[PDB]
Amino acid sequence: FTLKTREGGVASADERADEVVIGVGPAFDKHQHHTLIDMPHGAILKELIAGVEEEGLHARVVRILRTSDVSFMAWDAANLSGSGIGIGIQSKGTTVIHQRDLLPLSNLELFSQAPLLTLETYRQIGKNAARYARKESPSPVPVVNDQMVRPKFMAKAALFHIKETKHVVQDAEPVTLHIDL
């Protein structure tokens, strides 16, 4: 079973308490399909959603077109999530759990070193995000760090961002994404 993405016009802010919005980059699962370490967007997107449901909440996928900055991406997710808790993810893998009312460049959780994320982590990311939506205080996902990731991937990360940033649409509204298995 392969999880693919489906377009859906225009996503609207909601007030459905039991939801966590996950906003993906302009190119996520469309113009790009793998991360910096060649991990399919589908299996990731599958893990996030499964993490949310696992906690009882619903998870609605959307696509942020107005920006390629995961921070803003995640911030849009949150200020669109009836629970006020959203998640942003770039095609190269960078992910963040935001809250509608923190500042844009701040967050609840951050995964700044894409190449070190595993499907497991993407799953725990989904659980914690939902536990926040239920006004809980989940012990954050243990941060990981490798001093040679930048030397190995920084240049590459840049290129991926160049490709996904080409699909940014000035002022465009976020599009709803349907989950086809």
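One rule holds for the numbers: they count along the sequence shown, beginning at 1.
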Regarding 155-163 and 5-13, which shows the higher C-alpha temperature factor on average in the entry?
5-13
Mean CA temperature factor from the deposited coordinates, higher in 44-52 or in 145-153?
44-52
Residue 113: C-alpha B-factor third of its chain, per the entry, is the lowest
For residue 140, the third of its chain by CA B-factor is the middle
By the entry's values, the third containing the CA B factor of residue 24 is the lowest
